[PDB]
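> Pasting the sequence and an experimental structure:
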Protein chains: 4
Amino acid sequence: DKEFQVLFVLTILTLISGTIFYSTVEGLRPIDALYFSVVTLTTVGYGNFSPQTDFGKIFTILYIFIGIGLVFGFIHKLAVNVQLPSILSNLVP
Amino acid sequence: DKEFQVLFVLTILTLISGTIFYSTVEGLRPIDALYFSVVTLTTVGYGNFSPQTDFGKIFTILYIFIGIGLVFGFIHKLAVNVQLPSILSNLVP
Amino acid sequence: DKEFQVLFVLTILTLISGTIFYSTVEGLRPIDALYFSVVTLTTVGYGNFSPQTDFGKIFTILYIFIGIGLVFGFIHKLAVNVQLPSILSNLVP
Amino acid sequence: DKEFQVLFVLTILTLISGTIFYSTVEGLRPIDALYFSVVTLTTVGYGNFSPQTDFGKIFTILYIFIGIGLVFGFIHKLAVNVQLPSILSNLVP
Ligand SMILES: [K+]
Ligand SMILES: [K+]
Ligand SMILES: [K+]
Ligand SMILES: [K+]
Ligand SMILES: [K+]
């Protein structure tokens, strides 16, 4: 419980940072910077944008190595400690 | 057995939702909306399309966090509890 | 040992199938069809091509669910049962 | 500790190799070759570039199978043995 809360806050902050950077350095709209941050950390990849500035490319490299771990951690616990029980409870005859 | 069935149905529903949304909000053909939903949740990424509407971008963000977990769960059990035995049985001298 | 060999052959066959399909249905060169098959199953994603035919889009969907599992299995054992020992042996004072 | 150091050096070398290849064979700038190497091994995918030469496509295929394992290994230990403790220490009442 408190674990998922911590991972949630950590993820929120990680995304906020991405939103602020890509909207300031790469000139994206707040919503687009968020989207790029999300698809990047989850490794989906954005097909409509790639960092154009060397500053953006360097940041993304570091942003990736530092973000993917905690992002998938959240996704992990989000599924295991939240998504799993809900479906099991719905099954119970 | 019953586990893979549950994960299969859950995945089917998850994809159906994606197909309906992207074909209604993003104006994709049913088959293309399905494809985008699949390549997104499996993190492959679609190189020929990205949500153009802010509504589409927001949904995708949430769709990703909620879908990736169960999708890879299915892929996991699909491989372990289905793909693995089949190949082992084929090996048996 | 024999495990990595099995996973290797399985992966080879999986890629061969992809190479033959994408070069026949999507009209790609043999090398490009292979590349697309590789970047898709490893979830990297191809930024220069997406299936144009409905036949190609349907196949890719199934190809993804069936391929990712064994591909990452190979990558897993390739790293653990092959890449890991080699680096450890190189460390030994 | 010494484990993360080994995985770090291994990753650095893996990326250096990618940077040198893509800047020599694919004619990318050093920073862009590095970026492509990073987004590829982490499976994010690059939406602004794909190998144009058959030499580049073949190398990438092998580069992927050999790199993803150690890259995610680093990301794994980077998160578990470095990122995890730091956040836990920050929590302690
Ligand atoms: K990707
Ligand atoms: K892509
Ligand atoms: K991926
Ligand atoms: K991608
Ligand atoms: K493109």
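Received it, and whenever you're ready, just let me know what you need. Residues are numbered from 1 along each chain as shown, chains lettered A, B, ... in the order given. Ligands and ions are numbered 1, 2, ... in the order given.
> Spatially, what comes nearest to the residue in chain A that chain D sits nearest to if we skip its sequence neighbours?
Nearest residue of chain A to chain D: residue A:69, at 3.1 Å (Cβ to the nearest Cβ). All C-beta atoms are positioned from the backbone trio N, CA, C, and that covers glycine. Leaving aside its chain neighbours, residue A:69 sits nearest to residue D:79 (3.1 Å; criterion: Cβ to Cβ, 6 or more residues apart in numbering or on different chains).
> one step back: mind listing what the residue of chain A closest to chain D touches?
Contacts for residue A:69 were tallied using Cβ atoms under 8 Å, 6 or more residues apart in numbering or on different chains; they are D:75-76, D:78-80, D:83.
> near chain B, which residues of chain A show up?
A:31-32, A:34-35, A:38-39, A:42-49, A:74-76, A:78-80, A:83, A:87, A:91 (Cβ under 8 Å from any Cβ of the partner chain).
> please redo it, this time with the cut-off set to 7 Å
Residues of chain A lying close to chain B (Cβ under 7 Å from any Cβ of the partner chain) are A:31, A:35, A:38, A:42-48, A:75, A:78-79, A:83, A:87.
> Can you report how many residues lie near residue A:7?
20 (other Cβ atoms under 10 Å in any protein chain shown).
> show me the contacts for it.
Contact analysis of residue A:7 by Cβ atoms under 7 Å, 6 or more residues apart in numbering or on different chains lists A:70, A:73-74, A:77.
> and which of those residues is nearest residue A:4?
Closest approach to residue A:4 among those (Cβ to Cβ): residue A:77, at 5.1 Å.
> Let me know how buried that closest one is, in neighbour terms.
Residues near residue A:77, counting by other Cβ under 10 Å, number 18.
> quick one on the thing from earlier: now rank the contacts of residue A:7 by neighbours and give me the top one.
residue A:74 (22 neighbours).
> do you know how far the spatially most central residue of chain A is from chain C?
Nearest to the mean C-alpha position of chain A, by Cα atoms, centre = their mean, lies residue A:38 at 4.2 Å. Applying Cβ to the nearest Cβ, to the nearest Å, the value for residue A:38 to chain C is 15 Å.
> does the residue nearest to that residue when sequence neighbours are not counted sit in a helix or strand, and which one?
Counting by Cβ to Cβ, 6+ apart, residue B:61 is the residue found nearest to residue A:38 once chain neighbours are left out, at 4.9 Å. Residue B:61 belongs to helix B:54-78 when assigned by DSSP states H and E.
> Using PDB, write out every CA atom in the helix or strand just after that helix.
Following helix B:54-78 in sequence order, the next helix or strand is helix B:84-91 (DSSP H and E). Extracted C-alpha coordinates of helix B:84-91, given in PDB (Å, rounded to 0.1, in the frame of the first residue of the first chain):
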ATOM      1  CA  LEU B  84       7.100 -24.100 -23.100                       C
ATOM      2  CA  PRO B  85       5.300 -27.500 -22.600                       C
ATOM      3  CA  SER B  86       4.600 -27.800 -26.400                       C
ATOM      4  CA  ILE B  87       8.300 -27.600 -27.300                       C
ATOM      5  CA  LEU B  88       9.300 -29.900 -24.400                       C
ATOM      6  CA  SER B  89       6.800 -32.500 -25.500                       C
ATOM      7  CA  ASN B  90       8.300 -32.300 -29.100                       C
ATOM      8  CA  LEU B  91      11.800 -32.900 -27.700                       C
END
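> For helix B:84-91, give me every contacting residue.
residue C:10.
> Which of the contacts of residue A:69 ranks first by neighbour count?
residue D:75 (22 neighbours).
> got the contact list for it?
Residue D:75 makes contact with A:65, A:68-69, according to Cβ under 7 Å, 6+ apart.
> 10 Å instead, please
Neighbour list for residue D:75: A:64-69, A:72, D:7, D:11, D:41-42, D:83 [criterion: Cβ atoms under 10 Å, 6 or more residues apart in numbering or on different chains].
> same thing with residue A:9?
By Cβ under 10 Å, 6+ apart, the contact set of residue A:9 is residue A:74.
> Then the one 5 residues further on?
Residues in contact with residue A:14, defined by Cβ under 10 Å, 6+ apart, are A:37, A:41, A:63, A:66-67, A:70-71, A:74.
> Next one: it from residue A:72, what distance?
Using Cβ to Cβ, to the nearest Å, residue A:14 is found at 12 Å from residue A:72.
> which neighbours do the two share?
Residues touching both residue A:14 and residue A:72 (Cβ under 10 Å, 6+ apart): residue A:41.
> hmm, back to that, how far away is the residue nearest to residue A:69 from chain B?
On the measure of Cβ to the nearest Cβ, residue D:79 and chain B end up 17 Å apart.
> swap in residue A:70?
Taking Cβ to the nearest Cβ, one finds residue A:70 at 13 Å from chain B.
> give me the number of residues near the residue lying closest to that residue once chain neighbours are set aside?
Leaving out its chain neighbours, the residue that sits closest to residue A:70 by Cβ to Cβ, 6+ apart is residue A:10, at 5.3 Å. Neighbourhood size, residue A:10 [other Cβ under 10 Å]: 17.
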